[PDB]
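Same protein, same chain, two forms; see structure 1 and structure 2 below, as structure tokens.
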Structure 1
């Protein structure tokens, strides 16, 4: 259980979630007849500032087929809300070319590491360790001295 969830803000989250889905053409309520449907959506609107009210509206009006989706959306908001306090916990999306993504995904599977982790590997193994041509030479130089004339 990483994050503290205070209903006041979480509640406000769903309120906006609901109101938004409604504006995008979705049956927020669980009422089969349009009459009561619009009669419930109108009450949801005037619940803007009241947090205790929303949770109730959900219990007696929200479309049950929204439940899981709303939870999953609220879980994202929580994590993102907290992970936003600092930058190192913040995520950044980088949409790159297919063929490229694929070649990068393969490694993530042939190493079992995370994408964001595999990207770090390539940054180190290549940028930090660059002296394997000379090592091949010098090592023979030293061996030559002991294994031959001195």
Structure 2
């Protein structure tokens, strides 16, 4: 584990997640009978501030089908929680026009690197384009002198 896993903080996240899924209309419970599940949900609503308890609840009453998905969601939020501390470890979200993203994705795939890294290469290559043009004509002139001389 690269990031530290704070039991207190994540249990709260898992709680909010399980609660959010419910008001969204999903099966947080593993129980099929609407009685044992209907209750498991009611109890869970109490665990709001009891971390240790939330972990237990999950073990007995949560739908096995949410197990991996939640592991993803919480895993990702953990990362994001700590990357938020310094700006160089943060990510920025932007939208690009379809066609523009397409040209950029193709580039990156072909070069074999990340979208970000590709953008950095583009910025550095595109900046030296001027120092390269003048490098062509300067080279093209010096040669024309080697001939008539």
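Under this definition, the rigid core comprises the largest set of C-alpha atoms superposing within 1.5 Å between the forms. Numbering follows the first chain given and starts at 1.
A displacement of 2 angstroms or greater separates the C-alpha positions of residue 129 between structure 1 and structure 2, with the rigid core held in common. When two forms of a protein are overlaid on their rigid core, residues whose CA moves 2 Å or more are considered shifted, and residue 142 is one of them between structure 1 and structure 2. For residue 37, the CA shift between structure 1 and structure 2 after superposing the rigid core equals 1.8 Å. When the core is overlaid, the C-alpha of residue 27 ends up 0.7 Å from its other position between structure 1 and structure 2.
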